[PDB]
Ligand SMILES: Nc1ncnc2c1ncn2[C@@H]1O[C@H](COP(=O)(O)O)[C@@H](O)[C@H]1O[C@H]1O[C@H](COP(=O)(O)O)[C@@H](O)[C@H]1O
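Presented below, as structure tokens, is a lone chain in the form deposited without the named molecule.
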């Protein structure tokens, strides 16, 4: 038996369950970088305004094309002069990039880049990269000031704000990231941007990791498609931050429906559902660097997610980033050290009334546990409930229009968490948000069954979240607090504690 619970066909998914959308427009809480009066199916969006407007502030992105990006001396014009040379070898790209990054000439290794070029790529491919792709990338990179003509706000901690943007605009930005043109983004001592993730792609060219080329394949697949064929969709990046959370002890809301399976993945089989990304608080994690786990894979196969790093400040405990409309340009076999680029992916997902694809991804960072038992402390249980709930909550949205949540072993690989606790927590969080849950256990068939049995057990006995929470609190005190290893595990205890009275 490959799955358990309520069948996946009965779960709500977009666009079916979606609300009627209000007309897209700019507001104090919503930056829209395109012309909404023109927005139209299968036609590349027009940027608003028509001509570049610059801001060099602590409130907006610092664009490379700004007349205030200086090295007098226009670094932008330095960047143009550098990239407009012809690249016949890897070192020409190294030198080019290092022309406007002279402080890092002996700190940025480019060995991975040369290996992908000379060894892993065959001559017919290597030729295609420097004759078609690279010069095509440079054109869209230098078109930035004609395409990203509206300053881009930074999504800082505590801001509840959305930025909606064209896929074409995303492309030009990411192109700039590749060639490492974003100023004041590379220091260590750092100024402004210590609390923001890396955006420049320098670390992607470092060292002798065997995975490094496969990432380069994955991003070039994306850089190929959008250069050869411009995409026409919009993407929304929404930072959400709550100041008030459910009193979990006294919450009276019932548990929702579950579908659990050890077959499939969030991206593959959570189509048109709220797909959870298991983030680092610096969203995207080490996608640019040496990370190649769930989030980073997701950021690579949906490379438009990466740009979020340009403007999304590290998430606080009460925050998440919702991304709606990113497109999948690659497929993958493997995981981490076994990850391979396998195939260009043709996405056939329906776009909504704002021309965003009906893919909604939410980044929520679990906590990272040194030790096992630390997670059962109420504080930590409460934190994770709050993070997930924020992840799932759509304030002012009727539940009958919320899709189900496609999630899995959140926090339970790199971050040391317990799958059986975190499953339950997300089940508690989703119930508070009145959403249904589709759980992917990622091969673990015993976990599928334990979560099923648990959910099934709790539903029978008509326990509201408050009662299921109070049990988790009871587990800590009676069995975790005074513990050489806790005597009974979480699930056997709940079965005992419920049946014992």
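Residue numbers count along the first chain shown, from 1.
Separately, the form solved in complex with the named molecule exists; it is not shown, and the next lines address it.
- Within 2.4 Å of any backbone or C-beta atom of the shown chain, none of the atoms of the named molecule lands once it is superimposed from its position in the deposited bound form; the pocket counts as open.
- Remark: of stretches 430 to 438, 45 to 53, 468 to 476, 59 to 67, the one touching the named molecule in the deposited bound form is 45 to 53 (heavy atom within 4.5 Å).
- The named molecule is not drawn, but in the deposited bound form it has no heavy atom within 4.5 Å of residue 463.
- For the chain shown alone, residue 451 is not a contact residue for the named molecule in the deposited bound form, no non-hydrogen atom being within 4.5 angstroms.
- When the named molecule is considered in the deposited bound form, residue 37 lines it closely, a heavy atom lying within 4.5 Å.
- Taking non-hydrogen atoms only, residue 32 approaches the named molecule to within 4.5 angstroms in the deposited bound form.
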